[PDB]
Amino acid sequence: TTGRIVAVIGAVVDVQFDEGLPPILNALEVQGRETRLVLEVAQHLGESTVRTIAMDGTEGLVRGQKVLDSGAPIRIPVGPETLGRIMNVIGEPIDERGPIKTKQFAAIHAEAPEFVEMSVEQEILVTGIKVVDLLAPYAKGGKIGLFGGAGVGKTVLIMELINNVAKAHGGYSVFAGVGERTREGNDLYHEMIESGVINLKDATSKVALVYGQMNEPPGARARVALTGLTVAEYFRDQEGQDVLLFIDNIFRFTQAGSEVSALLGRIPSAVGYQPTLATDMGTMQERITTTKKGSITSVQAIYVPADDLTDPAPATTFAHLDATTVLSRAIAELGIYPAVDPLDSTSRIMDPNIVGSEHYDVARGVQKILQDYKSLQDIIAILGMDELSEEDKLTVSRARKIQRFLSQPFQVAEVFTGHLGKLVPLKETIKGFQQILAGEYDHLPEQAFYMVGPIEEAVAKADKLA
Amino acid sequence: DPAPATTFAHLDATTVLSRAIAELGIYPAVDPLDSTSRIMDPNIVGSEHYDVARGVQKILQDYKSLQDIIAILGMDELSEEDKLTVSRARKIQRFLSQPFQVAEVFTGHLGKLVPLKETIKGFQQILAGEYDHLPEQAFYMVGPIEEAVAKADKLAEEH
Amino acid sequence: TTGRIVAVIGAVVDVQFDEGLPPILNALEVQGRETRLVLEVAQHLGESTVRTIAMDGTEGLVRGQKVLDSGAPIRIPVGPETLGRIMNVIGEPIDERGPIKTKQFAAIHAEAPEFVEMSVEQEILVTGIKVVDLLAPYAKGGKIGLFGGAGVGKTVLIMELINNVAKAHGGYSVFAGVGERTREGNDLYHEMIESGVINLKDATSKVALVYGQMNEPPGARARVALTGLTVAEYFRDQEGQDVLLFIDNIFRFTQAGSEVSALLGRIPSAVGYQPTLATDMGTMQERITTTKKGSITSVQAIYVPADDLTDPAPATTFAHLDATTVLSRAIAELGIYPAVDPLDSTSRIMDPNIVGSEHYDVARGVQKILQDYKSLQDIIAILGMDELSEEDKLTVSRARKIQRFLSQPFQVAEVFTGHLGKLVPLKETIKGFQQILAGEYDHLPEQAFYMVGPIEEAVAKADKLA
Amino acid sequence: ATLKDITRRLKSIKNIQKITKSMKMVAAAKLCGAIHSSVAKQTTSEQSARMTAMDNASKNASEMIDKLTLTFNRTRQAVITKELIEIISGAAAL
Amino acid sequence: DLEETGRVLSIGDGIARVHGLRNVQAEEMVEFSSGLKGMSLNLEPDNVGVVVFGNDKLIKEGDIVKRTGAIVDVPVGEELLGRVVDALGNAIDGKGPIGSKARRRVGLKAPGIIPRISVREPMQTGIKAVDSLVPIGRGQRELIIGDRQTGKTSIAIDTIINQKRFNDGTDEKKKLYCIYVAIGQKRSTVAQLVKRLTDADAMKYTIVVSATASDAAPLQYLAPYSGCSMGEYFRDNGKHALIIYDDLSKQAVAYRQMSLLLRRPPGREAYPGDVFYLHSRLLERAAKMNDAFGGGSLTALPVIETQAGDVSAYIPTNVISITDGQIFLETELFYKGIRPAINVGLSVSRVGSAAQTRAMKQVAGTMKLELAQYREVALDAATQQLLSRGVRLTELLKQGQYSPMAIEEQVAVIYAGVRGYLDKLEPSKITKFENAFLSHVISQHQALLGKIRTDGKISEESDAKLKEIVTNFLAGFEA
Amino acid sequence: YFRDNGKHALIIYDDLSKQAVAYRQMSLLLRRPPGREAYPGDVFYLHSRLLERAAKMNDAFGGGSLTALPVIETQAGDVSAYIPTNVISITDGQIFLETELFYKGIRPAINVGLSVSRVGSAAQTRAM
Amino acid sequence: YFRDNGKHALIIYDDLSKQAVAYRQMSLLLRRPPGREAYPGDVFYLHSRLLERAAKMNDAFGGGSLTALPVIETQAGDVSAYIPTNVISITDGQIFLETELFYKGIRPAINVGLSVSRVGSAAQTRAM
Ligand SMILES: Nc1ncnc2c1ncn2[C@@H]1O[C@H](COP(=O)(O)OP(=O)(O)NP(=O)(O)O)[C@@H](O)[C@H]1O
Ligand SMILES: Nc1ncnc2c1ncn2[C@@H]1O[C@H](COP(=O)(O)OP(=O)(O)NP(=O)(O)O)[C@@H](O)[C@H]1O
Ligand SMILES: [Mg+2]
Ligand SMILES: [Mg+2]
């Protein structure tokens, strides 16, 4: 049956049907248009009229324009032929490499795994990053979130994690660009074709790319995540493999939701967001998961608007994570990269029965001395360090070498650090710190532990300083 | 907050409780500097009753002023005159606390009930300087000013 | 065309015109009232009904009461005969000196000069007041933020400026009392009469008064700045003068705006102001600049909310300022008049490319010597003013000569001070301080520079006092 | 951040600020940095150091107050803005 | 006729409700009686909401409305160079009609992933600090953020004025057409701006789109987009452009007015939820095309005004989370005399390195480091030598206004500070030394500068000679 | 009445704060448009017209006067709050009271540094 | 059911905050005006209604019970925020955990300073 547009406001389009009303989520195709314009049915307004959301610009639409009911949600290609390709919200290829001939197609909307499909296996995923490896190890099959403010470190980190992890990965990965910088996809795409994780000739590619950058309208940015998500689900279930799913900024999925919620006729919730922020988010995050049928190690970059971690968006994101890496501008401004907050990043894997007592005991040693140094910062700012006991000065000193020894030069950032990248092993990181704590290096200067790999390179740099 | 701020003018006497005070284990946690009463006039309670009250409140306000000064300096800079009031503030502060018959199950002590006159005397004497030889603890959670000395004694013998 | 009041909700009135509908900003005349009640159009609600904001009480109005479309917006008397007179919001004389017999009339709502009508030359409006002309020059056709509460020389600096600009520039002046207190409004009137700027006898008046009393509704208080603006415009576009516009409390204009906005049921923006904040400030502020014909410079008194410079009101106002004259009790006490702070008052135009390299280096030298002397204060008092090197003893001395030379006797003070006021040309001030800085006048006593005019009167005053 | 808390730290640091500036002068007239520090670990000086110490301490507090106050107003503006949006959402929900 | 027409049902709040126009397209330009133009924003069952591009007080109930049958677009082309127009493209410099023969929608979506390539061509601002520590690349976006009166607008003007040395060349692949959008500023400043540009002989390769404080919100809301389309013209046709949105901060509050007026739910700082999309879509249009798409580009230096240096504010962080770097201008550095007041330690160029000339890379590569060591330590011969370099290099980055340097002269002046021919000199003089040293090299060594301008590198041959030119200058320098 | 008949009257409005509170209630119950602190947009117009009504009339009108003393209850001393702001401006001066000065002993509790009459010495005999 | 059959049940409401969240979302889409931080007017009643059901029945009613340990989440540690104070002013005390004590090594991060039980002694065995 034929539906007709009866109203258009930005990205919300009301379509009235005279016969056969399209159910919610059903994807309607707008007629009379140059490129495919999909509307997603969001609600039944009554009077045979449905309110939808456009997956692309709605410029040019005219009331009375015909809209077709595809009879199903937004279905995208899933399968091995997606690998090495770049697709948009609605699964159309955008890498100028022609149709994506997959057998199966998949709806980008699906129910999350049931409670009986849940996995309880915890097994660390060492990353080579001392701060993450140490204080809040990532977990294979786990949900890693990387919170960070504008320009703090999310991207570079996700990139390093793709370097230090993805490459040494035996399986398929899915990178979902959501509301970020298009030239970044550009960067990523060409960095992958280089390293070879993407192959344009032989069919050996291992990465599937879904993109809906900050140039896209709210409806897209609001669903791209589900698309990348859906492409990851195929690899997990319909193939039972270990799937890596990177998503640079899932916060954009929520932000986008707010733009359209406005137009949908919803009274706004706290801070202007939509009422459905929590649920909307749940029905998505819950699909990003490991089941008994397969695994998904997801790494999600999370933007903190106005650097406010209490903002409904990020706030609401923590409960969905198995591991959190909180980046701080204050730390970044002291030139500590990655600007990871030693005292606000967590991992369900930070358990002695899981990473050992030596690992756990050092981790807590570090979060204790830094915590104790942090509580002294009040006194240091007013009365300097001449008003601290002899004991205090000692911790302050070890904290400062620990803080710096937490930094690390990543390959993906060599241009800004002016140092060759470093990949530190786990034992080496445990060791390095056990030592700084035990006072073993209380004779070396702070600046010696800054921007270095293992502890050994902390010493080398010390001699050079003489 | 609107709710409480609108409720004040409806009262002829207000007793304000203070987390800060309760936190210093002082009960009732009544704020001495924020609890007021309409009859707090010398021509209704007499001059003796009034003066002591304001005398309490003042030394307690002065003590708040030294809270800061000593917060950076330490207890060894105040002239023997000021550090003297600090030492009385503490005692007057502590003497305002009082065990309740209704709060036995909490404190574990025997609730006391103080007659007015014994209260004024009680604070009249402390402000006088009389009990500057007794330890603060002696005034914490007691009845009339006597138990203070008594407790202070039970305190001397135990040492 | 005649309308009929169909809705009155406080200072808001909706009128229904059966045939001809009055455009937005068009003044309507209420029929059947003792005084004149003007309703300024604000919206076309539809159904031949228009909404408006009353310029005076709305008590007595009845649904059905007749209303007349004045054909255009609020028009007021313009031209010479307005000077010395105190005008109401709508153009009515409120000084009870009868009618304001003018042959001309103008609308309070006029688009700002077009881009071509713009001056591209940066000229400095000489006030004859040393500190002003030397440390914070008044951009001809620029806005200057007058900072300082009351009892600091405000009313005196305002009139003096009126005098000087008149004596050395032929241009008149207008005073828009936005949200004035009837009390100070009265005080100012007579304080001006006894100062010469206003003459109730011979047409020698140099200023036109326009008032917007607090007891007047937000609608009224919002338009005054424009009424007084329209008055000043006549003298710029009709007599090619370089007028001077005084807006005492530009803030209360802003606030006046928000109240209108709210009354009209618009959704406030951050901090409760009107969404239109910047545009309300734009449309008006932009009518103040240098045109091919002449120019209007305006001194607007500013109120910083909660002492917060970032609060919307001021921050929206600082976008339109070229200078700031800061009055200071600290200065007023020392007996230094005008009590203009030589270090807090500033100018955008204080640039070599604009005020000449010469003028620049002088203003800079004076700013730096004061800064140097202001620091020394500590040492001088504590460490004793006995161990001051040669370079340290001259600074303090010279600075003091400068600091006092910054004082100036106003011609409008003659009435009480019993001292001939002085109007220093830019040339004299530059050289005056230029020399003091050299040391040419170090062999003179401080009081020699206190309360004088050109540098000459400094030496002449020195010998007499020996 | 909370207006109640910021207001608490500002007052508290404005106080400290006053007391430290006062000590700098007394010292000037006559904690002393790392003076007692050095000799133990191993007047003119003593006062020198005390002058210096309180001085810096005085600045360090003012630079701190200067930063709290900005946070004060930012946060002051935010609270008003919040209270208002709440007030209107209810009205626009009627 | 209600298929291509409509009467105005109501006009107030800034949005005009039109009856009819049964055939209008969303985002379609429409024309009123008074000649004023609008855009179809909201298509509803019984009316059409029209954003009005201009004074909406001129619209009255009943007014006829007509379809232009077109989605909002603006004139585009080389004929716009040396001109001043308003958001709609209407010339406003009295100089008459525009010889425009092409048009382009202002809302065109930006290039996707495929057609791009990492910036790689220099976007020489002529500013020492910038072109050495925060190197911009053609096609990149570099936010210019700082407080009011910090020097933001200069960073940009000196940049436009710098290009002249390139456009008066022969090779179209090195020229840089410029576009300066004026949003929310005062006409006078614009007036004063082009007049300045004219004197520097910059306006001929410059377009100036203006939507000042007097212009209705929508106009200001729009302006940036129109200037972009014009910039895109050069981008997509193999040419290089540089668009400057002089503060989007004002385009944001202008949008906020329409949002709050259209009753869209207020969020953080009362702004709408889309104040980010507003800036992300616009700025995504700035880009570096690869050879298979023309190889041209569009560099955007947007400006953001912070409140008391609070870069964590809502808008400031949005744009930051869009652009490829920020140039922080500190108020304290400004009133302290450091001009340009570029807080180096905070500023960045996430993509300008590869684009930086090999010349700078050499000297400036070591300079970012020496300023690193200095920023840290700011007795002992070690650190004493670091503080000396620091205050000298710092005075080097000091620069005047309206006088952009040439990339080769920079490496020359910088070359000094890095190798150490300033160690023995005193601070107060380093600037006096510069003006003297630079005017000296320019005059007596066009060759060396020319070989560096031409090799974009300070070869071992150019280096040895540049060492001479500096050593034998210190001698004859009058303290 | 006294102001118009050569007589002088001093009027005290105990907390206009409360009056405003009442006005708002009516405003919001009628559904007018709410603003800062939910107060109607003309709340300022409410106090301005009341406070101006006070005046020192001219000998021609009798010489009578109506002096006003409105009271404003601040919260935690926030004077930068909507109504306090309002009134502060509308009136000619302020006598600031404070708890600290109180329990300290300074009674009445007036802050000589913060309180201010713009009329100053005008109404202060030379003796004073 | 247990509390009404001479048996004792211990209930854990793992996160009333999220519960408050969902409640708000529902109310918002039922078109009831929003409020403080956008929650419903009766968010207080949302929890007070649930927690009262926890109780110690007398022997005439079986003598059973139902004890609750509702868990509340705060942001930036603000026990002084809406919901958080809503519940606190309901339950008979509260156990407060802090991140500060957590890193110092104090696990379980229970800050005695703010943690109380309005039952106190009433709920402890002789020996302990
Ligand atoms: N590991 C790192 N080493 C050195 N510099 C870093 C590192 N991480 C971040 N940075 C710096 O911060 C800048 C940008 O960080 P980036 O990875 O883009 O942040 P982001 O989280 O993605 N922010 P955004 O996307 O704008 O919200 C880089 O240009 C670097 O200067
Ligand atoms: N490189 C420079 N050297 C010296 N002075 C400079 C320089 N750049 C700017 N200025 C001065 O600073 C003033 C204004 O700077 P401007 O370019 O407008 O800064 P802005 O950040 O854009 N502020 P604004 O546009 O007024 O909000 C000018 O009047 C110049 O005198
Ligand atoms: Mg990123
Ligand atoms: Mg600027």
# chains A, B, ... in the order shown; residues from 1 in each chain; ligands from 1
call {"tool": "residues_near_ligand", "arguments": {"ligand": "ligand 3", "cutoff": "9 Å", "atoms": "only C-alpha atoms and all ligand atoms", "output": "MDAnalysis selection string"}}
result
(chainID A and resid 148:156 158 180:181 184 248:249 301:303) or (chainID E and resid 321:322)
call {"tool": "calpha_fit_rmsd", "arguments": {"fixed": "chain C", "moving": "chain A"}}
result
3.8 Å
call {"tool": "closest_residue", "arguments": {"among": "F:37, F:73, F:59, F:4", "to": "residue 19 of chain F", "atoms": "only C-alpha atoms"}}
result
F:73
call {"tool": "residues_near_ligand", "arguments": {"ligand": "ligand 4", "cutoff": "7 Å", "atoms": "only C-alpha atoms and all ligand atoms", "output": "ChimeraX atom specification"}}
result
/E:148-149,151-153,246-247
call {"tool": "write_last_selection", "arguments": {"atoms": "C-alpha atoms", "output": "PDB file, in the first residue's frame"}}
result
ATOM      1  CA  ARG E 148      37.202  38.448  23.780  1.00  0.00           C
ATOM      2  CA  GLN E 149      40.029  40.756  22.707  1.00  0.00           C
ATOM      3  CA  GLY E 151      43.755  38.395  19.051  1.00  0.00           C
ATOM      4  CA  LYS E 152      41.591  35.716  17.464  1.00  0.00           C
ATOM      5  CA  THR E 153      40.565  37.820  14.455  1.00  0.00           C
ATOM      6  CA  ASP E 246      34.688  34.534  12.635  1.00  0.00           C
ATOM      7  CA  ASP E 247      33.260  32.925  15.675  1.00  0.00           C
TER       8      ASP E 247
END
call {"tool": "residues_around", "arguments": {"residues": "segment 6-19 of chain D", "least_positions_apart": "2", "cutoff": "12 Å", "atoms": "only C-alpha atoms", "output": "number ranges by chain"}}
result
A: 378-379, 381-383; B: 64-73; D: 1-4, 21-26, 54-76; F: 76-78
call {"tool": "write_last_selection", "arguments": {"atoms": "N, CA and C atoms", "output": "compact mmCIF listing (two decimals), in the first residue's frame"}}
result
# COMPACT_ATOMS: atom_id res chain seq x y z
N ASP A 378 45.62 19.43 48.76
CA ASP A 378 44.96 20.57 49.38
C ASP A 378 46.00 21.40 50.14
N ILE A 379 46.86 20.69 50.87
CA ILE A 379 47.91 21.31 51.65
C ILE A 379 49.04 21.87 50.78
N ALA A 381 48.94 23.09 47.76
CA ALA A 381 48.59 24.30 47.02
C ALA A 381 48.64 25.59 47.84
N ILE A 382 48.54 25.46 49.16
CA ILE A 382 48.57 26.63 50.03
C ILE A 382 49.89 26.76 50.80
N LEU A 383 50.30 25.70 51.50
CA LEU A 383 51.53 25.76 52.29
C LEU A 383 52.77 25.08 51.72
N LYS B 64 34.54 30.36 66.68
CA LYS B 64 34.48 30.02 65.26
C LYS B 64 35.55 30.85 64.52
N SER B 65 35.79 32.07 64.98
CA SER B 65 36.77 32.95 64.35
C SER B 65 38.19 32.47 64.54
N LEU B 66 38.41 31.74 65.62
CA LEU B 66 39.73 31.22 65.89
C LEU B 66 39.86 29.86 65.22
N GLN B 67 38.74 29.25 64.86
CA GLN B 67 38.81 27.95 64.22
C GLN B 67 39.71 28.15 63.01
N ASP B 68 39.50 29.27 62.32
CA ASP B 68 40.28 29.56 61.13
C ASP B 68 41.73 29.85 61.44
N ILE B 69 41.95 30.83 62.29
CA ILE B 69 43.28 31.23 62.64
C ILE B 69 44.16 30.08 63.11
N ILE B 70 43.58 29.20 63.90
CA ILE B 70 44.36 28.10 64.37
C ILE B 70 44.40 26.97 63.36
N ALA B 71 43.56 27.07 62.33
CA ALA B 71 43.51 26.06 61.28
C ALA B 71 44.82 26.03 60.46
N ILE B 72 45.58 27.12 60.53
CA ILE B 72 46.84 27.23 59.80
C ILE B 72 48.03 27.41 60.73
N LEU B 73 47.76 27.95 61.90
CA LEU B 73 48.83 28.21 62.84
C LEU B 73 49.09 27.13 63.87
N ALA D 1 30.63 19.56 41.53
CA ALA D 1 30.29 20.96 41.92
C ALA D 1 28.90 21.11 42.54
N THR D 2 28.79 22.03 43.49
CA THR D 2 27.52 22.33 44.16
C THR D 2 27.70 23.74 44.71
N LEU D 3 26.75 24.63 44.45
CA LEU D 3 26.86 25.99 44.95
C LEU D 3 27.17 26.01 46.44
N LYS D 4 26.53 25.13 47.20
CA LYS D 4 26.75 25.07 48.64
C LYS D 4 28.21 24.78 48.97
N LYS D 21 48.33 36.56 54.65
CA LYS D 21 48.83 37.87 54.25
C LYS D 21 49.26 38.63 55.51
N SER D 22 48.49 38.43 56.58
CA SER D 22 48.77 39.07 57.86
C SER D 22 50.09 38.54 58.40
N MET D 23 50.27 37.22 58.32
CA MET D 23 51.50 36.61 58.80
C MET D 23 52.71 37.08 57.99
N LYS D 24 52.53 37.31 56.69
CA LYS D 24 53.64 37.76 55.87
C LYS D 24 54.21 39.10 56.36
N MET D 25 53.32 39.97 56.84
CA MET D 25 53.72 41.28 57.34
C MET D 25 54.42 41.16 58.69
N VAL D 26 53.80 40.44 59.62
CA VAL D 26 54.41 40.23 60.94
C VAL D 26 55.83 39.78 60.64
N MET D 54 54.70 32.91 53.49
CA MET D 54 53.36 33.47 53.57
C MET D 54 53.04 34.21 52.30
N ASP D 55 54.03 34.89 51.74
CA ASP D 55 53.79 35.60 50.51
C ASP D 55 53.20 34.64 49.49
N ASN D 56 54.02 33.69 49.07
CA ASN D 56 53.60 32.70 48.11
C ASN D 56 52.28 32.12 48.58
N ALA D 57 52.23 31.67 49.83
CA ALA D 57 50.99 31.12 50.33
C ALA D 57 49.83 32.08 50.07
N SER D 58 50.08 33.37 50.23
CA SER D 58 49.03 34.36 50.02
C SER D 58 48.60 34.38 48.56
N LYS D 59 49.57 34.36 47.66
CA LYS D 59 49.25 34.36 46.24
C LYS D 59 48.53 33.06 45.89
N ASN D 60 49.15 31.94 46.23
CA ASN D 60 48.57 30.63 45.96
C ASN D 60 47.10 30.50 46.36
N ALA D 61 46.68 31.21 47.40
CA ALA D 61 45.29 31.18 47.85
C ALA D 61 44.43 32.06 46.94
N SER D 62 44.94 33.25 46.64
CA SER D 62 44.24 34.18 45.76
C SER D 62 44.09 33.58 44.39
N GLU D 63 45.14 32.94 43.87
CA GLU D 63 45.00 32.33 42.56
C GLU D 63 43.96 31.21 42.67
N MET D 64 43.83 30.64 43.87
CA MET D 64 42.85 29.58 44.06
C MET D 64 41.47 30.20 44.15
N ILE D 65 41.35 31.29 44.90
CA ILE D 65 40.05 31.94 45.00
C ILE D 65 39.60 32.39 43.60
N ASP D 66 40.50 33.03 42.87
CA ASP D 66 40.21 33.50 41.53
C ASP D 66 39.65 32.39 40.66
N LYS D 67 40.09 31.15 40.89
CA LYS D 67 39.59 30.04 40.10
C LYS D 67 38.27 29.51 40.67
N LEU D 68 38.10 29.54 41.98
CA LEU D 68 36.84 29.07 42.57
C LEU D 68 35.68 29.99 42.17
N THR D 69 35.92 31.29 42.21
CA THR D 69 34.89 32.23 41.86
C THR D 69 34.39 32.07 40.43
N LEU D 70 35.29 31.83 39.49
CA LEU D 70 34.83 31.64 38.12
C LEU D 70 33.89 30.43 38.20
N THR D 71 34.39 29.34 38.79
CA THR D 71 33.56 28.16 38.92
C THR D 71 32.30 28.53 39.68
N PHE D 72 32.40 29.49 40.58
CA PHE D 72 31.22 29.90 41.30
C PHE D 72 30.14 30.35 40.31
N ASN D 73 30.42 31.44 39.61
CA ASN D 73 29.49 32.02 38.63
C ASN D 73 29.04 31.03 37.52
N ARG D 74 29.98 30.38 36.83
CA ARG D 74 29.60 29.36 35.85
C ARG D 74 28.48 28.54 36.50
N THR D 75 28.82 27.88 37.60
CA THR D 75 27.87 27.08 38.33
C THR D 75 26.68 27.90 38.83
N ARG D 76 26.87 29.17 39.14
CA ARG D 76 25.72 29.97 39.58
C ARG D 76 24.76 30.11 38.40
N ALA F 76 20.43 32.67 52.53
CA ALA F 76 21.87 32.50 52.66
C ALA F 76 22.60 33.78 52.21
N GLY F 77 21.91 34.91 52.28
CA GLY F 77 22.52 36.18 51.90
C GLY F 77 22.63 36.46 50.42
N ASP F 78 22.08 35.56 49.61
CA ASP F 78 22.15 35.76 48.18
C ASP F 78 21.32 36.98 47.80
call {"tool": "residues_near_ligand", "arguments": {"ligand": "ligand 2", "cutoff": "7 Å", "atoms": "only C-alpha atoms and all ligand atoms", "output": "VMD selection string"}}
result
(chain C and resid 319 348 to 349 351) or (chain E and resid 146 to 154 339 to 340 399 to 401)
call {"tool": "closest_residue", "arguments": {"among": "D:38, D:89, D:43, D:48", "to": "chain G", "atoms": "only C-alpha atoms"}}
result
D:89
call {"tool": "select_by_dssp", "arguments": {"residues": "segment 121-347 of chain E", "states": "strand (DSSP E or B)", "output": "VMD selection string"}}
result
chain E and resid 122 137 141 143 to 146 177 to 183 206 to 211 240 to 246 288 to 289 297 to 300 303 to 305 326 to 329 342
call {"tool": "residues_around", "arguments": {"residues": "residue 246 of chain C", "least_positions_apart": "5", "cutoff": "7 Å", "atoms": "only C-alpha atoms", "output": "mmCIF file with N, CA, C and O atoms, in the first residue's frame"}}
result
data_model
loop_
_atom_site.group_PDB
_atom_site.id
_atom_site.type_symbol
_atom_site.label_atom_id
_atom_site.label_comp_id
_atom_site.auth_asym_id
_atom_site.auth_seq_id
_atom_site.Cartn_x
_atom_site.Cartn_y
_atom_site.Cartn_z
ATOM 1 N N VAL C 174 22.267 63.724 24.253
ATOM 2 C CA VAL C 174 20.966 63.248 24.683
ATOM 3 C C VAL C 174 21.194 62.308 25.843
ATOM 4 O O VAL C 174 22.193 61.594 25.895
ATOM 5 N N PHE C 175 20.275 62.328 26.792
ATOM 6 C CA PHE C 175 20.399 61.451 27.931
ATOM 7 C C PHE C 175 19.167 60.574 28.036
ATOM 8 O O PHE C 175 18.062 61.046 28.313
ATOM 9 N N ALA C 176 19.381 59.287 27.794
ATOM 10 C CA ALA C 176 18.326 58.296 27.863
ATOM 11 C C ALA C 176 18.378 57.646 29.242
ATOM 12 O O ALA C 176 19.236 56.801 29.513
ATOM 13 N N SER C 298 28.473 56.980 22.336
ATOM 14 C CA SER C 298 27.595 56.813 23.483
ATOM 15 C C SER C 298 28.250 56.262 24.729
ATOM 16 O O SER C 298 28.964 55.264 24.672
ATOM 17 N N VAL C 299 27.997 56.922 25.856
ATOM 18 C CA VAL C 299 28.535 56.500 27.143
ATOM 19 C C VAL C 299 27.413 55.801 27.903
ATOM 20 O O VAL C 299 26.481 56.429 28.402
ATOM 21 N N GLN C 300 27.518 54.484 27.986
ATOM 22 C CA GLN C 300 26.496 53.686 28.632
ATOM 23 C C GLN C 300 26.963 53.130 29.972
ATOM 24 O O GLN C 300 27.943 52.387 30.036
#
call {"tool": "atom_distance", "arguments": {"atom1": "atom CA of residue 129 of chain E", "atom2": "atom CA of residue 367 of chain E"}}
result
10.5 Å
call {"tool": "residues_around", "arguments": {"residues": "residue 24 of chain G", "least_positions_apart": "2", "cutoff": "6 Å", "atoms": "only C-alpha atoms", "output": "PyMOL selection string"}}
result
chain G and resi 21-22+26-27+39-40
call {"tool": "write_last_selection", "arguments": {"atoms": "N, CA and C atoms", "output": "mmCIF file, in the first residue's frame"}}
result
data_model
loop_
_atom_site.group_PDB
_atom_site.id
_atom_site.type_symbol
_atom_site.label_atom_id
_atom_site.label_comp_id
_atom_site.auth_asym_id
_atom_site.auth_seq_id
_atom_site.Cartn_x
_atom_site.Cartn_y
_atom_site.Cartn_z
ATOM 1 N N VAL G 21 14.584 6.192 37.418
ATOM 2 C CA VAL G 21 14.803 6.557 36.019
ATOM 3 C C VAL G 21 13.674 6.029 35.150
ATOM 4 N N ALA G 22 13.465 4.726 35.216
ATOM 5 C CA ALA G 22 12.419 4.098 34.444
ATOM 6 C C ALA G 22 11.084 4.731 34.788
ATOM 7 N N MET G 26 8.463 6.514 32.041
ATOM 8 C CA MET G 26 7.084 6.096 31.853
ATOM 9 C C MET G 26 6.131 7.259 32.012
ATOM 10 N N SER G 27 6.336 8.001 33.090
ATOM 11 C CA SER G 27 5.504 9.139 33.432
ATOM 12 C C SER G 27 5.572 10.176 32.321
ATOM 13 N N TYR G 39 11.759 14.143 37.215
ATOM 14 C CA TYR G 39 11.014 13.001 37.737
ATOM 15 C C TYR G 39 9.557 13.362 37.981
ATOM 16 N N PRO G 40 8.718 12.364 38.279
ATOM 17 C CA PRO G 40 7.308 12.677 38.524
ATOM 18 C C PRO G 40 7.129 13.450 39.825
#
call {"tool": "interface_residues", "arguments": {"of": "chain C", "to": "chain E", "cutoff": "7 Å", "atoms": "only C-alpha atoms", "output": "JSON, numbers by chain"}}
result
{"C": [23, 24, 43, 44, 45, 46, 115, 116, 118, 119, 120, 266, 267, 269, 270, 275, 276, 279, 282, 283, 286, 310]}
call {"tool": "atom_distance", "arguments": {"atom1": "atom CA of residue 88 of chain A", "atom2": "atom CA of residue 275 of chain E"}}
result
23.3 Å
call {"tool": "interface_residues", "arguments": {"of": "chain D", "to": "chain E", "cutoff": "7 Å", "atoms": "only C-alpha atoms", "output": "ChimeraX atom specification"}}
result
/D:78,81,85
